[PDB]
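Taking it in order: structure first as structure tokens, then the write-up.
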Amino acid sequence: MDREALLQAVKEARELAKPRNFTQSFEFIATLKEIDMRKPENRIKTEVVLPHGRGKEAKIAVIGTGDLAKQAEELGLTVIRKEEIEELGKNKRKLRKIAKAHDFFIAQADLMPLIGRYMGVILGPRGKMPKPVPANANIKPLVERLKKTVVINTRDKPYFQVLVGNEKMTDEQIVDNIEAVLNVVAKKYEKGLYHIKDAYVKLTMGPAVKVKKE
RNA sequence: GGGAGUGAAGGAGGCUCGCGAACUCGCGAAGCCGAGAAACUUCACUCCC
């Protein structure tokens with residue numbers, strides 16, 4: 001529908017931006033319409049998987065023991081084993097960094113009551129509260145699912161931002177990445193696809209390219 | 001599409017200066033903020049003319 005639009009909208013931002021000493025990632029910003037941001041009414045705190053995903057696999061880490069914690073290493077992930085949970089809670093500088101380094105966290109479920117009490121504080125209101133993992137479960141259907149998961153939270157404000165690619169991936173690829181990010185929209189109450197004002201996209205060190213066609 | 005502040009998004013970078021007949025090409029132990037939410041690029045909400 002407005003595919004051609006957003007498509008031109010992004011061809012415009014690839015050169016509308018400077019080369020860099022690393023690679024820029026694409027972000028889409030959205031300006032809402034009529035709501036109140038004050039009602040339980042959807043605030044979008046959901047997460048919906050990205051089709052072609054990013055160019056950068058999300059980063060995961062796990063809190064657990066032995067077997068659960070075993071899936072980790074061979075899976076290439078980083079891991080925080082029990083005792084270190086304390087050792088960390090009394091060393092916040094590191095505690096933090098870790099958090100700014102890993103998109104997601106999964107916990108040996110029965111291990112939350114050590115987490116909340118020890119990693120908790122400097123973790124939760126930073127979006128890093130780790131998700132529980134039942135007893136002895138299989139991780140890949142989720143973890144593997146996550147390397148491409150993208151978050152869509154906004155707290156109480158009529159706007160939002162999400163990643164939807166990386167300078168390395170391709171034009172069209174992003175589109176749908178976005179398109180898809182939008183289906184989130186339609187499902188609520190009655191928010192067709194147009195309950196927002198404008199929409200720009202641009203990457204890390206580039207210009208917020210405008211919303212329309214030509 | 002002048003500036004303030006606050007918020008949230010991407011982020012490991014960003015930016016100056018010197019020498020060669022040399023714009024962003026080469027050479028430079030030359031310097032300045034940053035990977036601590038706070039550098040850099042932004043968007044929006046309340047301002048200020």
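We name chains A, B, ... following the order of the structure tokens; residues begin at 1 in each chain, and ligands are numbered from 1 as shown.
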
- [ ] Return the neighbours of chain A among the residues of chain B, cut-off 12 Å, counting only C-alpha atoms (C1' of nucleotides), as a ChimeraX atom specification.
- [x] /B:1,7-14,24,35-37,40-45

Task: Contact residues around residue A:54 with only C-alpha atoms (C1' of nucleotides) at 9 Å, ignoring same-chain residues under 3 positions, as an MDAnalysis selection string - done: chainID A and resid 25 50:51 57:58 147:150 163:166 169 174 177

- [ ] Name the residues in contact with stretch 16-18 of chain B at a cut-off of 10 Å, using only C-alpha atoms (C1' of nucleotides), excluding same-chain residues fewer than 2 positions from it; report them as a VMD selection string.
- [x] chain B and resid 28 30 to 32

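Atom CA of residue A:178 to atom CA of residue A:5 spans 12.3 Å [interatomic distance, one decimal].
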
Open item on the list: Considering only strand (DSSP E) as DSSP defines it on the backbone, what residues of stretch 61-173 of chain A qualify? List them as a list in words.
Closed with: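 Going through stretch 61-173 of chain A, the strand (DSSP E) residues come out as residues 61, 62, 63, 64, 78, 79, 80, 81, 104, 105, 106, 107, 108, 131, 132, 133, 149, 150, 151, 159, 160, 161, 162 and 163 of chain A.
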
TODO: Work out how far apart atom CA of residue A:10 and atom CA of residue A:198 are and give it in Å to one decimal.
DONE: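 Those two atoms sit 14.2 Å apart.
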
Task: Given only C-alpha atoms as the counted atoms, nearest of A:99, A:44, A:114, A:143 to residue A:127 - done: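 Among A:99, A:44, A:114, A:143, it is A:99 that comes nearest to residue A:127.
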
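Straight-line separation from atom CA of residue A:212 to atom CA of residue A:7: 9.7 Å.
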
Open item on the list: So that I can check the surroundings of stretch 134-137 of chain A, please list as a list in words every protein, DNA and RNA residue that reaches within 8 Å of it, counting only C-alpha atoms (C1' of nucleotides) and ignoring chain neighbours fewer than 6 positions away.
Closed with: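 Everything that qualifies: residues 67, 68, 108, 109 and 110 of chain A.
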
Go ahead and write the residues just picked, N, CA and C atoms, as a CSV table (one decimal), in the first residue's frame.
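Result went into selection.csv, see below:
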chain,number,residue,atom,x,y,z
A,67,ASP,N,23.2,-28.1,33.5
A,67,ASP,CA,22.5,-28.5,32.2
A,67,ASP,C,21.8,-27.3,31.5
A,68,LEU,N,21.1,-26.5,32.3
A,68,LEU,CA,20.4,-25.3,31.6
A,68,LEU,C,21.6,-24.5,31.2
A,108,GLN,N,17.0,-19.2,35.2
A,108,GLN,CA,16.7,-20.5,35.7
A,108,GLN,C,15.5,-20.1,36.6
A,109,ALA,N,14.3,-20.0,36.0
A,109,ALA,CA,13.1,-19.6,36.7
A,109,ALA,C,13.2,-19.7,38.2
A,110,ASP,N,13.5,-20.8,38.8
A,110,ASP,CA,13.6,-21.0,40.2
A,110,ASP,C,14.7,-20.1,40.8

TODO: List every residue of stretch 104-179 of chain A that DSSP, applied to the backbone of this structure, places in alpha helix (DSSP H), and write the result as JSON, numbers by chain.
DONE: {"A": [112, 113, 114, 115, 140, 141, 142, 143, 144, 145, 146, 171, 172, 173, 174, 175, 176, 177, 178, 179]}

TODO: Write out as a VMD selection string which residues come within 12 Å of residue A:91 when counting only C-alpha atoms (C1' of nucleotides), dropping same-chain ones fewer than 5 positions away.
DONE: chain A and resid 84 to 86 96 to 98 118 to 119 122

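Residues with any atom within 12 Å of residue A:117, counting only C-alpha atoms (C1' of nucleotides) and excluding same-chain neighbours fewer than 2 positions away, are residues 85, 86, 88, 89, 90, 111, 112, 113, 114, 115, 119, 120, 121, 122, 123, 124 and 129 of chain A.
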